[PDB]
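Following: one structure in structure tokens, then a few remarks.
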Amino acid sequence: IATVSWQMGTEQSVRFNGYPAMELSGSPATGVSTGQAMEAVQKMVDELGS
Amino acid sequence: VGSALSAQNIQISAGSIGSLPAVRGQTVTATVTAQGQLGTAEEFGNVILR
């Protein structure tokens, strides 16, 4: 009466501002300021879909 | 109809097999999920009344 089998799944669910969000870290290189890296990450996210 | 909708659509929490007593001879821990709810209108039409 069941289809029990192994699968893959996470053990931690984090939601930010009502939407489910996943965390990501990073650090800029030498010579690049923080705001240039922030707008670079903003453009890299905005190049994706909706 | 209300009893059949409340008995056949209920959240199930089974637990895990790597529980906190943890008798000796155990290396693995897996959380068990059931997903015993309905989300579409086609699945709500197959609720057994009698």
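Protein sequence lines correspond, in order, to chains A and B.
Residue numbers 5 to 54, in our numbering, belong to the letters of the first sequence in order.
Residue numbers 5 to 54, in our numbering, belong to the letters of the second sequence in order.
Every residue, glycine too, gets a C-beta built ideally from N, C-alpha and C.
**Message:** Quick test of the definition: if touching needs 3 or more C-beta pairs under 8 Å, does the segment 7-21 of chain B touch the segment 33-52 of chain B?
**Reply:** yes
**Message:** DSSP three-state label for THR38 (chain A), please.
**Reply:** If you number the first sequence from 1, residue 38 (chain A) lands on position 34. Residue state, collapsed to three classes: helix.
**Request:** Specify the secondary structure class of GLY6 (chain B) as computed by DSSP and reduced to three states.
**Result:** The sequence position of residue 6 (chain B) within the second sequence is 2, counting from 1. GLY6 (chain B) falls in the helix class under three-state DSSP.
**Request:** Taking only the alpha-carbon atoms, compute the straight-line gap between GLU43 (chain A) and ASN21 (chain A) and give it to the nearest angstrom.
**Result:** Position 39 of the first sequence, counted from the start, is the residue given in the question as residue 43 (chain A). Position 17 of the first sequence, counted from the start, is the residue given in the question as residue 21 (chain A). Going from the Cα of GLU43 (chain A) to the Cα of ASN21 (chain A) covers about 21 Å.
**Contact under 8 Å by Cβ, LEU24 (chain B) with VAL51 (chain B)** = What you label residue 24 (chain B) is simply residue 20 of the second sequence in a count that begins at 1. What you label residue 51 (chain B) is simply residue 47 of the second sequence in a count that begins at 1. No, the Cβ-Cβ distance between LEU24 (chain B) and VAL51 (chain B) is not below 8 Å.
**Distance, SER37 (chain A) Cα to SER9 (chain A) Cα** = Along the first sequence, read from residue 1 onward, the residue named residue 9 (chain A) stands at position 5. Along the first sequence, read from residue 1 onward, the residue named residue 37 (chain A) stands at position 33. Roughly 50 Å separates the two Cα atoms.
**Message:** Could you give the first and the last residue of the continuous alpha helix (DSSP H) run that contains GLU47 (chain B)?
**Reply:** Locating residue 47 (chain B) in the second sequence gives position 43, counting from the first residue. Note, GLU47 (chain B): alpha helix (DSSP H), 45-48.
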